[PDB]
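Lettering follows sequence order; numbering is per chain, from 1. For the numbers below, each heavy atom of this structure counts, side chains included, while hydrogens, waters and symmetry mates do not.
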Number of protein chains: 2
Amino acid sequence: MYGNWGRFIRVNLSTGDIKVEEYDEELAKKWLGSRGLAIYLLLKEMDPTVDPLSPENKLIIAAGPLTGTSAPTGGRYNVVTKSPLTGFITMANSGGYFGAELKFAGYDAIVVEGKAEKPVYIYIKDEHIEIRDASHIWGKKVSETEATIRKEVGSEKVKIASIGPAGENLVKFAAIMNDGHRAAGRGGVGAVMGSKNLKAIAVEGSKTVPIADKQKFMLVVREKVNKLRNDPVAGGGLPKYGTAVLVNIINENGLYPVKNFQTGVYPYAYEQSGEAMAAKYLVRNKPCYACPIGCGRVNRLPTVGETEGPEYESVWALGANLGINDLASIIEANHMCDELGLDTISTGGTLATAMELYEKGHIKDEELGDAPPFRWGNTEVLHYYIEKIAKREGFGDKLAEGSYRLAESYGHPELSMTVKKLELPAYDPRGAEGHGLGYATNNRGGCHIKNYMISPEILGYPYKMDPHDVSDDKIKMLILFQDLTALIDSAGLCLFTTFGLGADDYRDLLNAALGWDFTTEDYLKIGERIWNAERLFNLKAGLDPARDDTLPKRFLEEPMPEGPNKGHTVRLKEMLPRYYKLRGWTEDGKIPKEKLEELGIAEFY
Amino acid sequence: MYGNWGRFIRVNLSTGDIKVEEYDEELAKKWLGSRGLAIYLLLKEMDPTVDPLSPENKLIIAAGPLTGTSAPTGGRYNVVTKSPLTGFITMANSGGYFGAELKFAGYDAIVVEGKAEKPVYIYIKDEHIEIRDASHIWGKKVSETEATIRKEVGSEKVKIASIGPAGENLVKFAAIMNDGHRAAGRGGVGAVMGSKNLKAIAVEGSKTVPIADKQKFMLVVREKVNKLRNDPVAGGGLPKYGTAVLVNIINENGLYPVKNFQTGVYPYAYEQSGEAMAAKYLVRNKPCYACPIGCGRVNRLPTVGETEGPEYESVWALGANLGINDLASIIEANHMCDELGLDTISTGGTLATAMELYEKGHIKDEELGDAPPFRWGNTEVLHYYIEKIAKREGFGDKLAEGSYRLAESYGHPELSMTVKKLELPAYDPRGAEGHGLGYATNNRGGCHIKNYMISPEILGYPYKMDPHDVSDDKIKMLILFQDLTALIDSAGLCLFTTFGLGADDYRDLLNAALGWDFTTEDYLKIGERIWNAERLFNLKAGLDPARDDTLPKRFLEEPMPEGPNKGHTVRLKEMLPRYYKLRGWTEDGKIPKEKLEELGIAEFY
Ligand code: SF4
Ligand code: SF4
Ligand SMILES: [Fe+3]
Ligand code: NA
Ligand code: NA
């Protein structure tokens, strides 16, 4: 078996016992790895109805077959668990170097169970797996945590994945950070880790991931790297301005959400664009393991010093979303989210809900006391609240619950722009209707990257589609993106490789490395199998398609007020049933046993 | 002699010559000390015509007789030199602990002449005076500079006075900082220091300042202290909220300048008040040497960490003055001014000039590039430009010349709210006319604390006067304040003792410590002598009364737009000639030979 090691660590924190389990190539041929392997283990061992914050829930950190190889961007891994925020499955992808290091230690994944009695951290150095006391690290920011551990194990090569005070305090949108600023960010994966009293995981490896045909593999690798290098996005836009290049693009297209999705055009968007960032604060770009793109940003601020990020989504969530223009305040806010272990999107989305509730008079000043008023454009909200949230201090305790619960507690859940309680990202669905269907059907909630329909609808990859086309062809593109993305996630590659590479390219790399002879059609079915397995878990976890697969009324009832998309609304009712049909599911959005048997997963009926 | 040692160091940085000089009690009985002693030395030894940044200018750091004693607040010192910004005399006062340490070392002052060939710093340890190389500290911020020097001299007890990058780069409003956040802030004193390649002065002393009658002094001090403690300002307001308590007060009186003095009422003033700061960021209060008041602020922000300040004037200059409400951004900005060695007031005033030039289309975006636009309320201006001013980078190079020179270069000096090129402070004169005369006549330029008419006109100290009373009585209060403040400055005390103490109490404190039998009138005349001396120095430097003793047209011709002072203008024209008459000066603001003779300073005629 190549690429994959066929080994994974299983740690039971309650009992303290560790065991290295193995699996066979036939399992890999079914679920590929990372995201796919994770959903299988969950489906086979965990009751989908467990309380996400109880010791029965499992946290799976998993690398993919191409993670740690020379495959361009082969350094990604996924964290999978039941979300304490949405109540459904969640896969959070992260880059950096941690993923590659796990593979170098000789493991594919780590299955964490139970709950330790006192804070601890797992130290791994090749075959040496150890559970150490973290009572002295608990309470520290990510940067401090990494520093302490590196000094303790006396090694700077050790890669670390940790939670900040937010995770420790069970903030519903706590993230798991690694390599300082890389995030397995959404779904509350950090709260799950914190509930187990697991402060961090430190790895050191020295092995070389086995590849089926090195000569052939290196041949393929150079061809793909060349394609990415010749692409204007992967070869010009991203390395030069990072993901933040999108600001001006999405704004010019009139779907850049401003003030909790009230409108889609922001007059000061340029001030927080990738181009403006590059001219004002950028030091250089930074690549994740084995990346020929280098979209990561390294900024320097006279206040917080050198820092990494923010990504587009973070610039938006903490900027225009809140009616804030100040890029410097946005960079500071991003840095604090990284240090504290908070998802930038949910944080900003939660702060936007409070601002709208405040605007509508549901949150009164007498309730805030002397804390900054939740007034649009108020930058003090960013400097003050982010820390209060991490520690559940003051109003920070209410905010730590997330947008939905916060709005619901004031009797106005309609002001919460969430889908399955996950806060929506930087693109208004009224200007890209296929992307809207994505938000409604995404297995993890109102999320954009597990089905990035902005590529076809706005960017022109694979090719340009009308953002207002709601035909079967548009629905089919969605299904394709969902399955393909499931493949890419499982492979261990970065989604951005789609700016140059296509399904066949991924087949070439996977075959050369694994030594398989699958057609592109075979790999895509693994993706469809993964998408369906996640849906089933959710369905078993209690998902009601009618109530849960929707979009906030704002998008279905209020015409876009201005910009090139003025007058538009998302035609979800029309698309939804056709989507279920084309997915092979029933009218009511459920998976019939016939489909399960077809995908070879009827054992989970 | 008592209080004063009667000794001072004279250092010629060009040759490295060091001299400890002495003076008799007769000189001390005429000039008292600190500010007074410094002006005598300059009138006596320096050509008032020298270029402020040439090595011929002299920098005088001088403590006063009560500095380093147990007198309430006895830890103040002054920096006096010819200003690069205004072209006139400047006396900058500072607290903290540096002043006392210099007295413990056994010296009253340090006179720096010439210019070092390369960066050096002066080290003093009692009798040990040494000029050391600072080529490696040069370029570092105040905190780093101090940490480095303490590691080098191997003593954590050394107190340091230094300049930051702003001083090194000759920014016209660069300040001299001591004890990290204490400032000898206005007039460009830091630029003079930097023009001499002098990075810092580190002192360490172990002596005790000699008091005339120790037991008598102890009892006098007890009485004075008890007066301060029972006063509502000195005993409640200051320690609790710092100088920032003034925000709400000045704002409700309608003379809190907003947007470069366009109006006097700011709607979000509360968010940046001492009360809000106490509730949001305040950790604790901190007193200077021998101070029973403790008005110093110690704050903590998630971004920059723990810091000290801001004072009222700083909160204003970087807040309402620029149309900014964010107290967090303001504290950050204050922090960077302290670190970089920039006067907060001239920094805020210069930025405000820029914002009005920008608003009126004189500064165009084409000129800024990707740098933050000077739009009112843009917090990015605080985050981005401050460091640029200090490093003289990009537009920062133009901003480094100050408000007047900047406005002048665009052909619009009238947009510059300056008097003798010194940026105006946090009080609109249209709401305090006597204070206006203060701005017009203050020897160092448009400044408020060398003649704080806000005490009688708004606060009721010595007693409440009407802010629109422009009679001779109002004019007499100003002169009294000008002379008394010259006394207090010379004594080595803090001006805040005036919230409880009066002229007689200073006479008591001064007589018990020095061994004199002076009357209150004798002391007040020393203050008058110092005031005329400074005026005389300015006349010799080129002061033109008719032209220099005024206020910007805005205050003379534009009525306060709104608030409690609506419709008011400063009736300067009719107060000015009466002030000269009361001063014993000529109709054209010159000092006749007879007055100089009356004061005993005719030798300088
Ligand atoms: S394209 Fe960006 S996010 Fe992806 S692997 Fe490269 S540096 Fe990382
Ligand atoms: S009143 Fe304030 S500035 Fe004055 S000596 Fe005391 S702490 Fe220092
Ligand atoms: Fe900030
Ligand atoms: Na990041
Ligand atoms: Na200060």
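Within 6.0 Å of atom CD in A:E252, 12 or fewer heavy atoms from other residues, nucleotides or ligands are found, so the atom counts as exposed in its surroundings. Sparse packing is recorded around CZ of A:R284, with 12 or fewer heavy atoms of other residues, nucleotides or ligands lying under 6.0 Å away. When the shell of 6.0 Å around NZ of A:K573 is examined, it contains more than 12 heavy atoms from other residues, nucleotides or ligands. Summarising the local packing, OH of B:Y268 is surrounded by 12 or fewer heavy atoms from other residues, nucleotides or ligands at distances under 6.0 Å.
The nearest pair of heavy atoms linking A:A432 to A:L255 is CB-CD2, 4.2 Å. Between B:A354 and B:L399, the closest heavy-atom pair is CB-CD2, 4.2 Å. Taking both residues in full, the closest heavy atoms of A:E423 and A:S346 are given as OE1-OG, 2.8 Å, listed atom of the first, atom of the second, then distance. Scanning both residues, A:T350 and A:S403, for their nearest heavy atoms gives OG1-N, 3.3 Å. In terms of heavy-atom proximity, A:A317 sits nearest to A:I345 at CB-CA, 3.9 Å. Of all non-hydrogen atoms in A:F261 and A:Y427, the two that sit nearest each other are CE2-O, 3.9 Å.
Proximity of a side-chain donor or acceptor of B:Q272 to a complementary backbone N or O of B:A320 within less than 3.5 Å is detected. For A:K450 (side chain) and A:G438 (main-chain N/O), no donor-acceptor pair under 3.5 Å exists by modelled atom type. Looking at B:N260, its side chain does come within 3.5 Å of a backbone N or O of B:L415 through a donor-acceptor pair. Between the side chain of A:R405 and the backbone N or O of A:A400, no donor-acceptor pair lies under 3.5 Å. For A:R297 (side chain) and A:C295 (main-chain N/O), a donor-acceptor pair under 3.5 Å exists by modelled atom type. A:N251 places no side-chain N or O within donor-acceptor distance of the main-chain N or O of A:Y256, the cut-off being under 3.5 Å. Distance alone, capped at 3.5 Å, places no donor-acceptor pair between the A:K421 side chain and the A:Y404 backbone. At distances below 3.5 Å, not a single donor-acceptor pair connects side-chain atoms of A:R182 with backbone N or O atoms of A:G95. The backbone N or O of A:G309 lies less than 3.5 Å from a partner atom in the side chain of A:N299, making a donor-acceptor pair. Looking at A:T243, its side chain does come within 3.5 Å of a backbone N or O of A:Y312 through a donor-acceptor pair.
For the pair A:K420 and A:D549, the salt-bridge criterion is met [side-chain N within less than 4.0 Å of a carboxylate O]. Salt bridge B:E393/B:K388: present, at least one basic N to carboxylate O contact under 4.0 Å.
For the residue pair A:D473 and A:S471, no side-chain donor N or O sits within less than 3.5 Å of a side-chain acceptor on the partner. A donor-acceptor contact closer than 3.5 angstrom is absent between the side chains of A:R186 and A:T90. Using a 3.5 Å distance cut-off with no hydrogens or angles, the side chains of A:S416 and A:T353 do not pair a donor with an acceptor. Side-chain contact check for A:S409 and A:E401: no donor-acceptor pair (N or O, by modelled atom type) lies under 3.5 Å.
Put simply, the side chain of A:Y266 does not reach to within 4.5 Å of the side chain of A:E271, judged on heavy atoms. Contact check for A:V570 versus A:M575: side-chain heavy atoms found under the 4.5 Å cut-off. Between A:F88 and A:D548, some side-chain heavy-atom pair lies under the 4.5 Å cut-off. Using a 4.5 Å cut-off on side-chain heavy atoms (C-beta onward), B:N321 and B:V258 make no contact. For the pair A:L382/A:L322, a side-chain contact is recorded, criterion being any heavy-atom separation below 4.5 Å from C-beta on. The side-chain heavy atoms of A:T441 and A:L576, taken from C-beta on, include a pair separated by under 4.5 Å. The shortest side-chain heavy-atom distance between B:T263 and B:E562 falls under the 4.5 Å cut-off. For the pair A:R554 and A:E414, the minimum side-chain heavy-atom distance is 4.5 Å or more.
Rounded to the nearest 0.5 Å, atoms CD (B:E380) and CD1 (A:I331) are 8.0 Å apart. Once rounded to the nearest 0.5 Å, the distance linking CD1 of A:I454 with CG of A:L246 reads 9.0 Å. With values rounded to the nearest 0.5 angstrom, B:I386 atom CD1 is found 9.5 Å from B:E332 atom CD. For the atom pair CG (A:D483) and CG (A:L478), the distance works out to 9.5 Å, reported to the nearest 0.5 Å. Atom CG in A:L480 sits 9.0 Å away from atom CE in A:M453 (nearest 0.5 Å). With rounding to the nearest 0.5 Å, the separation of CE in A:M477 from CG in A:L484 is 10.5 Å.
Tested against A:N565, the residues A:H468, A:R430, A:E433 include a single side chain to side chain donor-acceptor pair (under 3.5 Å) partner, A:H468. In summary, of the residues considered (B:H362, B:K259, B:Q262), a side chain to side chain donor-acceptor pair (under 3.5 Å) with B:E356 occurs for B:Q262 alone.
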Check the pair A:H435 / A:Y439 against side-chain hydrogen bond (donor to acceptor under 3.5 Å, both in side chains), numbers first and verdict last. CA-CA 7 Å; A:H435 192 55; A:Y439 290 158; 3.1 Å; yes
Step-by-step side-chain hydrogen bond (donor to acceptor under 3.5 Å, both in side chains) determination, B:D326 to A:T379: CA-CA 6 Å; B:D326 189 353; A:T379 50; 2.6 Å; yes
Might you work through the side-chain hydrogen bond (donor to acceptor under 3.5 Å, both in side chains) test for A:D231 and A:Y461, ending with a clear yes or no? CA-CA 11 Å; A:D231 180 80; A:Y461 287 79; 2.9 Å; yes
B:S329/B:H383 under side-chain contact (heavy atoms from CB on, under 4.5 Å): CA gap, chis, key distance, verdict: CA-CA 8 Å; B:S329 292; B:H383 290 87; 3.3 Å; yes
Is there a ring pair (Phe, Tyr, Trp, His ring centres under 6.0 Å) between B:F395 and B:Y384? Walk through the geometry before answering. CA-CA 11 Å; B:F395 203 81; B:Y384 183 93; over 10 Å; no
Residues A:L572, A:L437; criterion side-chain contact (heavy atoms from CB on, under 4.5 Å); working and verdict: CA-CA 7 Å; A:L572 189 68; A:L437 221 203; 4.2 Å; yes
Step-by-step side-chain contact (heavy atoms from CB on, under 4.5 Å) determination, A:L357 to A:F374: CA-CA 9 Å; A:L357 282 169; A:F374 286 113; over 6 Å; no
Before giving the answer on side-chain contact (heavy atoms from CB on, under 4.5 Å), spell out for A:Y358 and A:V381 the whole-Å C-alpha distance, their side-chain angles and the decisive distance to 0.1 Å. CA-CA 13 Å; A:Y358 180 93; A:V381 169; over 6 Å; no
Stepwise side-chain hydrogen bond (donor to acceptor under 3.5 Å, both in side chains) check, A:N334 with A:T344: CA-CA 7 Å; A:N334 180 75; A:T344 48; 4.8 Å; no
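Using cut-offs of 30° and 60° on the angle between ring planes, the pair A:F499 and A:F496 is tilted.
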